[PDB]
Structure formats: structure tokens, C-alpha cells
Amino acid sequence: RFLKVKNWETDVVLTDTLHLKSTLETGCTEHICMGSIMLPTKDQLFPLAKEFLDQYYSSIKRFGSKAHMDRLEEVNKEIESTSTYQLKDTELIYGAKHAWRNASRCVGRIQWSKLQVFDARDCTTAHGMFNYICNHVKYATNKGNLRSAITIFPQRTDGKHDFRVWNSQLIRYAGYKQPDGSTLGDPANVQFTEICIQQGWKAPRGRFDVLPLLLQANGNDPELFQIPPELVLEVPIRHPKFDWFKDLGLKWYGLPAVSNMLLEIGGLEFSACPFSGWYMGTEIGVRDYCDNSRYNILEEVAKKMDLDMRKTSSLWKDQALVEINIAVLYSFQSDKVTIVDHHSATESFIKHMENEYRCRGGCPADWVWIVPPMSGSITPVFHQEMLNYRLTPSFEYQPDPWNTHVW
Amino acid sequence: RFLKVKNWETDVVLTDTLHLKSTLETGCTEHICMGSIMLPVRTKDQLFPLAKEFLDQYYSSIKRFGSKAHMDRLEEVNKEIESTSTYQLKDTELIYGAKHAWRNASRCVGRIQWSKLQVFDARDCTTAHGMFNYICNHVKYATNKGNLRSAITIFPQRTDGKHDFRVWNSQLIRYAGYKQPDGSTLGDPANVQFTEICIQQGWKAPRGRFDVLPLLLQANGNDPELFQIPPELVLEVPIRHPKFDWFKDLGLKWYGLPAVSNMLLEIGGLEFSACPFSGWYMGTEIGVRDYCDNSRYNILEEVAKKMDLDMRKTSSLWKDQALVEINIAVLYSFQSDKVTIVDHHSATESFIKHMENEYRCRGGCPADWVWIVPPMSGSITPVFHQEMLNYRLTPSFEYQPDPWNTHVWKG
Ligand code: HEM
Ligand code: HEM
Ligand SMILES: Cc1cc(N)nc(C[C@H]2CNC[C@H]2OCCNCC(F)(F)c2cccc(F)c2)c1
Ligand SMILES: Cc1cc(N)nc(C[C@H]2CNC[C@H]2OCCNCC(F)(F)c2cccc(F)c2)c1
Ligand SMILES: C[C@H](O)[C@H](O)[C@H]1CNc2nc(N)[nH]c(=O)c2N1
Ligand SMILES: C[C@H](O)[C@H](O)[C@H]1CNc2nc(N)[nH]c(=O)c2N1
Ligand SMILES: [Zn+2]
């Protein structure tokens, strides 16, 4: 019932009790671990509402106060009559911060309590959504001094009136299948790009075309909007030693902003809740640039470095990998766009785990995602045992909307 | 029931049925995943079903399930258990059992090799001197002058838990560690405690940075005894770098033969508490973990200094840069001395092919992603993108507590 996690580099042992408050299922059993699998009514709503309000009122040190019992009877009355309920601003803010706090796959959670919440629950149309989104982008970007933000659109009602951002991130590049048989741009985005073109988009057909937003309000058909280019901060990628690096034609955007998840607070479901922070360098330099099914640039870079590509054991892939990632961090730092390296992020996350163990009795964490995709064991998180469990409020995955939308 | 795993790079989807034969528990539940936790005297009653399950598997593997030979073997084992409380494996069953413990080792990336394993039967061994001799022979056979061959030596099984054979070393070959009065460590800090035990037992320590430890060997539950492996049997590689001539002057070397000696082999309910096995190294084990862990030789600073890297900011990636050069050096050195080694690209690619074959021929392949993914350059190896299912099959290799913690000293 009390569980220990050990750090094998430092011998520090922490005790987890927070897991007992865990509610949802991991996908594992006593017979099988699914730790590396990517995706493992009024009667339902009231326990959910109650559990959330109990944790909310405890956090403000007013558990079992009149204010507490009053809010419970009020929501109870509201659910019993209207089948849903509305969160107070204070509850919404608390719920959003905590869904981030509980995000077991997020290495950047030391920042959890510094999150600007934009309440967009009064939004009714796709143009409205676009206005809210541009304002989030500009606020978060802050001319390169990035600030964490979330914008929260109206909650699910009967499920036929969902608000959704169709994009997976607010800012991503287009992907095009070619007569050649190769892919131009980002291969991850081929299908979404096609959906955009078929809905009317004027694709430039370049390597790095910022995708239009495709916004769905009130369960209506989604609409296209082009984010003002002056609000999309981009970084030209150069290397501090290799003058040729710039000729590769590489750039990335400054603002990572996940826009396809579901925020669940007190049993209420917010199907459109784009959120953003700032990058850890490896996301761009390891995953975006070097994944084989992504920009897949290792071959090109190694060739420019004139490495021996004849045998895997020369570690040419590894060598070029480091260089690419050096370039990403240098370019961002030189243009004064907030970025964190994997060393510094993982060190902060260990500090955050310790604070969470001390102040909350634990920190749910998914080792498979926390450990960076390069140089695993030379970061402290590699040697840190982590317990993975699901707490609410939460961010959840949801089916891509085109699979489900009735046109 | 069917479980699917996907590769997110290739979109190859596989179906696991083998997890249905899985017995033991993972440590995980529906409410918690303990996938990153390092560590999450039987009865006749419990023994015959374990024997039976094993023998059914063995006899199916040879296409003789339900044969007279199969039935007679079940009867003979059943009778042996009721009469003596235990039983003895036939040579053939031992070999099969040891091969399958390796096949089932979900944390091992090298399992493509599982069916090529030399099994040395040391169940007639009675003394620590006998153990030493068996172990010298395994080391010489496995080393094979650099052309490494996988082997396991199997000492007598547990009886009452009071007469255990144990090898006290965690690996047959490892370097001593020495805690200094000023708090620094000379040699391998991982082996400080074991080194102290060796010294107490009477080892004369050379007190250098790479002193091969003696074997400390326990036969039949007796107090363990010290033996020096003949140095001519211990193949070592001095580490140099193909382009950087100053690399040799760090004075690094490592041994060629990785040989785990502290695990317990379970076959059909029998427990082999001393079963040293060896294969060959994947480069990163040395270049990343042994050399670069903060709690090990910790050479990153000194290497990056000599490379004149910008060390004032982590964001220069000086650590990542020196790390790659160190690992190039290890691979170069072994290859130049014709000592078998595999790089992490080649090893992981081979593992994926092994895994897919296993799904097709066996209905699954239990695999622990946390351990399978190499400790550098994770996502440019194909295993990073491979979903895996971790579950426990027998025969198996298991951890056991260090023996100095449990041993009853006789004097
Ligand atoms: C402030 C800087 C932040 C950093 C450096 C950071 C870091 C990261 C990284 C590296 C990942 C893994 C992503 C991947 O590999 O695809 C991640 C995942 C995630 N983060 Fe953060 N994060 C930050 C801010 C935020 C914010 C503001 C939120 C929400 C309010 C958030 C919630 C999440 C969630 C839910 C995931 C899992 C996403 C998924 O499952 O695909 N993070 N974080
Ligand atoms: C033939 C070449 C082999 C290679 C390249 C190889 C590779 C590896 C590696 C890299 C690990 C993880 C080591 C660590 O991080 O401590 C490992 C673990 C393991 N391997 Fe192998 N292996 C080989 C042969 C063998 C053999 C012959 C056996 C037994 C017959 C074996 C059984 C195991 C077991 C039981 C583990 C988990 C050890 C633990 O939990 O500490 N492997 N293997
Ligand atoms: C807010 C924030 C800050 C930050 N630094 N980084 C982020 C993650 C973003 C950026 N860089 C990757 C992207 O993360 C979004 C991608 N998440 C995983 C997936 F959606 F691709 C996915 C696909 C299929 C199955 C599955 F389980 C998950 C968010
Ligand atoms: C046979 C074989 C071949 C090969 N290439 N490699 C090997 C593993 C060896 C070599 N290189 C590392 C070492 O493995 C032994 C170190 N593993 C970790 C541990 F087992 F010691 C351990 C520590 C703490 C808790 C726990 F549960 C386990 C064996
Ligand atoms: C199969 C495996 O679960 C999958 O490749 C995961 C591994 N770890 C990850 N870690 C992060 N941070 N992001 C990812 O997309 C993944 N992919
Ligand atoms: C806490 C964590 O599980 C621990 O550091 C593991 C991670 N992965 C590993 N993987 C391998 N191959 N060897 C190890 O020792 C470890 N250590
Ligand atoms: Zn699990």
C-alpha cells in the first residue's frame, strides 16, 4: 500500500501514497505489463463532481466547510435538474493546473502552477475559436520569451455539439505525397494536409508550410483559418561550428502547442483545450528531424560531415545526432526563443519529483516518456524509478475527429 | 485472447497469444505500472505441477507430447518427488531448460542467439575448488581467444536452502573498487562492498584502477573460498580511439567476457542458485554505463576536457559529444583486437528480427522496453519505436539476494 521508489544513482528512496487516490486503469495486469504501449449520466457525473470538489476544497484548506457543503448541494441540484454543471472560474483554473500536474508523460511539470488559463467557454463559432487561438498564440509566444497557456472551449454536452481543433498542434508543417513516391515536408501530416486541401486550402506545396487551423464549433462542420504569419515565430537552424548547416534549409517553430487532447475536470469533458509551453531541444532535433518516418535528415547531415557511413559501428548516426541537436539549441538561444536542453529539463523534473513526494506523497510518472530519446543514462531520470498511475483532472487522448464527424 | 503490439515507425502490427501461458506476476496492477522498478525450500505439493508443466513443454518441443516416453518420464518424476522430495533433470531437459530461460529473458536484447548456448553440466561438483575448476574451463571455452562463444555452467540445484552453491561475485570478471579515507574511490565504485569482503577473506589487493577481482565461491552451503582466475585466462582490451591519439593516455581498458554469476535459474520448479552465463558485449554497456554513469568510472569530464569542448553550459551538449566518442573508442578497440562485440544499432535491429520471428513461430516474445532500449541514442534504434509486452515465462533467470546478506557463517 505504501510503495517505494529508488534512485539507483543516488540511493534516495521515496515513498508513494498518492497512488491510492488513483482512479482510472493503466492497461497493465499482474500477468502483463503494457508500459510501452502508446494507447493502452447524472449517476456517473455526481461522484466525479464530488471527488473533484473534495480535492479542490482541501487544497484551499476549506474541507468540510460551509462553502464546501454549499457548493456540493448546488452542483447536486444543478446536475439533478440539468444533467451537467458549470465550473467556477477558480475550479476551472485549479482543474487545468492539476491536469498538467497529473500528466505522467510530461517532463516539464516543475512549471505546473505557472499556467495562464484562458476561459473560452463563452465561444460559439469557429471564427470565435480562431480569435481565441490567435490571442493564445501571441500571449504564449511573447516575442520569444515563452509563457505556458491553455485555452478552454465549452465542455461536451450531449456529444453531438463538440468543440474540436482538428490540428494535432496549433502550429505544424504540411506533408505532401508526391508523384516521385517520396514525401515532401512532414510525413506525419499527410492525411491532415489532404483534409485541409479537400476543404479548400491553398497549399503552397513547400517543405515547411505552416498548416491552417481547422476549427469545429458546436459540433458543426470545421472551417479553415490561416494564423497570421506575424504571430508564428520560427527559428532558422544553424550550427555554431559548421557553416554549411544553414544550407540544409532547416527551420522549426518556437511554440509547441498540443491541440487535440481532452481535458477532464470533475467528470466534465473539454474536447478542445489547446495548451502550450516551450520546447525541450530533443523533441525537435531527435524526433522531428531524425525519426525515420519524420524529416529523417540523418543521412544528409552525416554526408555533409563526411563521416564513414559504411558501417553502423562507426557510430555515424550518433555523431550527426549530437550535432543536429547542438544546432537546434544554438539557433533557439541565439534568436532568444525559450528552449530547454534535456540535461537541464531532466534535472528539474527530479527536483520536482522530490517536491511532489514531500508535499503530495507522490508524482505519477511514465519512465518510457520521461527519459529523453538521446543519451538516456547520462540524464538523471534514467536512474530514477517512477510509478505510473492515472489521476484526475487529466489530459486524455481522443479519436481524430474526421474518423467520427458526421458531415 | 489476443494482444496487439505496433511498431510506430513501420506500422507492422503483431499479435501475442503466448502471454496466455504466462504464470508469475509482474508487479503491475490495473491501478499501477511498475515497469520502471528494478526489482518489483519448496513443497511436493507445488513441485509436481511445475515439473509437469515443464515436461509437457519439453515433450511438445521434441514432437513427442503424449508419447509413452513422455508418460513414463512424468510417472518417473512423480515417483521421484514423492520418494525424495525433489527430482533430477536429464541432460537433455537441462540443456532445453537453460536455452529457454535465456529465450524467456525479457530484459535481454541479445536473444536472437538463444538456441546457440554451450551448456556445461556441473551438477557433479561438490567443493569450491571444483567450482573454481569448472569456472576456469567455462571462461577459457567462452573466451575462445576473442571469438566469443555463449556458455552457461550449471552447479547443483537447491535442496533445503541450507546447502546452496553460490558464486558471490556478481560477474565472473570485474574490477575491484576501493573507498579512500578522503572519500574518493579508486577503481570501480560498484564493487567497493564486494572488494571489502574479498580483502576481509584474505585477498591481497594491488589497489589499482583495474584489478580483476578473485572469485569468491560457495559450495554446498559452506563458507565461501577465494581463488584468483589465471590472468592468462582473462582477456582484456586497452581502449584507444581511431582519430584521437590522446585517448590511450586515459589508461582505460575493459575485459572481453561479460559473464553474469549471481542469478538463479529456475527449470521445472528446480532452483539452480549458481549458474554463471556469458555471451559478448554490446558496446554501450561499457562505453555508456561502466564508463559514464556518475556512480561508475565517471570519465565524461576528463574526456570532454581533452576534446576542449565548451563545458560551461550543459546546452553545448558536451556530455553527449564526449559520450559518442567514448563509445566509438570501445567499438574500435574490440574490433581491432578481434574480440567479439556488437554495436547498439546492429544489436537492436537483430532483436527486432528475432522478435518478429518469435511472434510468428511462438505466438509472442516477452520484452522489457525499459531495458531493451539502449542507454544512448534511444530513438535512432528501431526498438524505441517498438511496442512490447512484458510477462514472465518459465524456465527463467531470476535475481536473488546477495549471499553475504543471508549466509550463515560456519567459521
Ligand atoms: C513549459 C514547458 C514544457 C515542457 C519543457 C514540456 C515537456 C514535455 C515533453 C518533452 C513531452 C513529451 C512529448 C512527446 O514526446 O511527444 C511532454 C508531454 C506532455 N505534456 Fe509537457 N511540457 C511543457 C509544458 C506543458 C504544459 C503547459 C502542459 C499542459 C498544460 C503539458 C502537458 C503535457 C501532456 C498532457 C503530455 C503528454 C502528451 C501526449 O501524451 O502526447 N506540458 N511534455
Ligand atoms: C550473446 C550475446 C548477448 C548480448 C549482446 C546480450 C545483451 C544483453 C544486455 C545489453 C543486457 C542488459 C544488461 C544490463 O543493462 O545490465 C542483457 C541482459 C540479460 N541477458 Fe543478455 N546478452 C547476451 C547473451 C546472454 C546469455 C548467454 C544469457 C544467458 C544464457 C543472457 C541472459 C540475460 C539475462 C537473464 C539478462 C537480465 C540481467 C539482469 O536482469 O541483470 N544473455 N543482455
Ligand atoms: C505543451 C508542450 C510542450 C512541449 N515542450 N512539448 C509538447 C509535446 C509536443 C511537441 N513535440 C511533440 C508534441 O507532442 C504531441 C505528440 N504526442 C504523441 C502523439 F500524439 F504523437 C501520439 C501519437 C500516437 C499515439 C500516441 F500515444 C501519441 C507539448
Ligand atoms: C551474458 C551477458 C552478455 C551481455 N552482453 N551482457 C550481460 C550483462 C552484464 C554486462 N554488462 C552489465 C551486466 O549486467 C549486470 C548489471 N545489471 C544490473 C543488475 F543486474 F546488476 C541489477 C542492479 C540492481 C538491481 C537489479 F535488479 C539488477 C550478460
Ligand atoms: C513504443 C514506445 O512506447 C513509443 O515509441 C514511445 C517511447 N517513448 C516516447 N517518449 C516520448 N517522450 N515521446 C514518444 O512519442 C515516445 N514514443
Ligand atoms: C530505474 C530504471 O528502471 C533503471 O535505471 C534501469 C533502466 N533501464 C536499464 N536498462 C538496462 N539495459 N540496464 C539497466 O541497468 C537499466 N537500469
Ligand atoms: Zn506495467
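Letters go in sequence order (proteins before strands), and every chain restarts at 1. In what follows, every heavy atom counts, from backbone to side chain, and hydrogens, waters and symmetry copies are set aside.
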* Heavy-atom proximity to chain A below 4.5 Å, by part of B:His31 -> both
* Asked: Side chain, backbone, both or neither: which part of A:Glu347 has a non-hydrogen atom closer than 4.5 Å to chain B?
  -> neither
* When you measure from the side chain of A:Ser36 to the backbone N and O of B:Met388, does any donor-acceptor pair fall under 3.5 Å? -> yes
* **Region of B:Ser106 that comes under 4.5 Å of a non-hydrogen atom in chain A** => neither
* Structure fact -> Closest heavy-atom pair, B:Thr26 versus A:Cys33, reported as atoms and distance to 0.1 Å, is CG2-N, 4.0 Å
* To do: Output the option from A:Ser313, A:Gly376, A:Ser293 having the highest count of non-hydrogen pairs under 4.5 Å with chain B.
  => A:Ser313
* Answer with side chain, backbone, both or neither: which region of A:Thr379 has an atom nearer than 4.5 Å to a non-hydrogen atom of chain B? => neither
* Under 3.5 Å, is there a donor-acceptor pair linking the side chains of A:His342 and B:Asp320? -> yes
* Contacting moiety of B:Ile32, where chain A heavy atoms sit under 4.5 Å -> both
* To do: Just give me the residue among A:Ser314, A:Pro373, A:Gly35, A:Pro380 that pairs up with chain B most often, heavy atom to heavy atom, under 4.5 Å.
  => A:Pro373
* So which heavy atom on A:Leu39 is nearest to which on B:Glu387, and how close? -> N-OE2, 4.4 Å
* To do: Look at B:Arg296, B:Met34, B:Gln321 and state which one has the largest set of heavy-atom pairs under 4.5 Å with chain A.
  => B:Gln321
* Asked: Which answer fits A:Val368, side chain, backbone, both or neither, if we ask what part of it has an atom under 4.5 Å from a heavy atom of chain B?
  -> both
* **Under 4.5 Å from a heavy atom of chain B, the part of A:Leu387 involved** => both
* **Selection from A:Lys6, A:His383, A:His19, A:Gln333 maximising heavy-atom pairs under 4.5 Å formed with chain B** => A:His383
* **A:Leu298 portion near chain B, given a 4.5 angstrom heavy-atom threshold** => side chain
* Side chain, backbone, both or neither of A:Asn388 within contact of chain B (heavy atoms, under 4.5 Å) -> both
* **B:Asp11 CG: over 12 foreign heavy atoms closer than 6.0 Å** => yes
* Structure fact -> Greatest number of non-hydrogen atom pairs under 4.5 angstrom with chain A, of B:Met38, B:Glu25, B:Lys319, falls to B:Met38
* Asked: Contact part of A:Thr10 toward chain B, heavy-atom cut-off under 4.5 Å: side chain, backbone, both or neither?
  -> neither
* For chain A, which of B:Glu325, B:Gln386, B:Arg392 has the most heavy-atom pairs under 4.5 Å? -> B:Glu325
* To do: Give a yes or no on whether A:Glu396 atom CD has more than 12 heavy-atom contacts from other residues, nucleotides or ligands under 6.0 Å away.
  => yes
* Counting N and O atoms only, with roles assigned by atom type, does the side chain of A:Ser375 sit under 3.5 Å from a partner on the main chain of B:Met376, one being a donor and the other an acceptor? -> no
* **Whether over 12 other heavy atoms sit under 6.0 Å from B:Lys179 NZ** => no
* Evaluate the side-chain contact (heavy atoms from CB on, under 4.5 Å) criterion for residues A:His343 and B:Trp318: first the C-alpha distance (whole Å), next the side-chain angles of each, then the deciding distance (0.1 Å), finally the verdict. => CA-CA 11 Å; A:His343 298 295; B:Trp318 64 270; over 6 Å; no
* Using non-hydrogen atoms and a 4.5 Å limit, figure out which bit of A:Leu20 sits close to chain B: side chain, backbone, both or neither. => neither
* Structure fact -> Okay, A:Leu321 and chain B: the region with an atom under 4.5 Å from a heavy atom over there is side chain
* **Candidate pair B:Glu30 and A:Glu30, rule side-chain contact (heavy atoms from CB on, under 4.5 Å), full reasoning** => CA-CA 8 Å; B:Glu30 287 99 312; A:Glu30 311 92 72; 3.1 Å; yes
* Side-chain donor or acceptor of B:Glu9 paired with backbone N/O of A:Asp291 under 3.5 Å -> no
* More than 12 heavy atoms of other groups within 6.0 Å of A:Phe2 CZ -> no
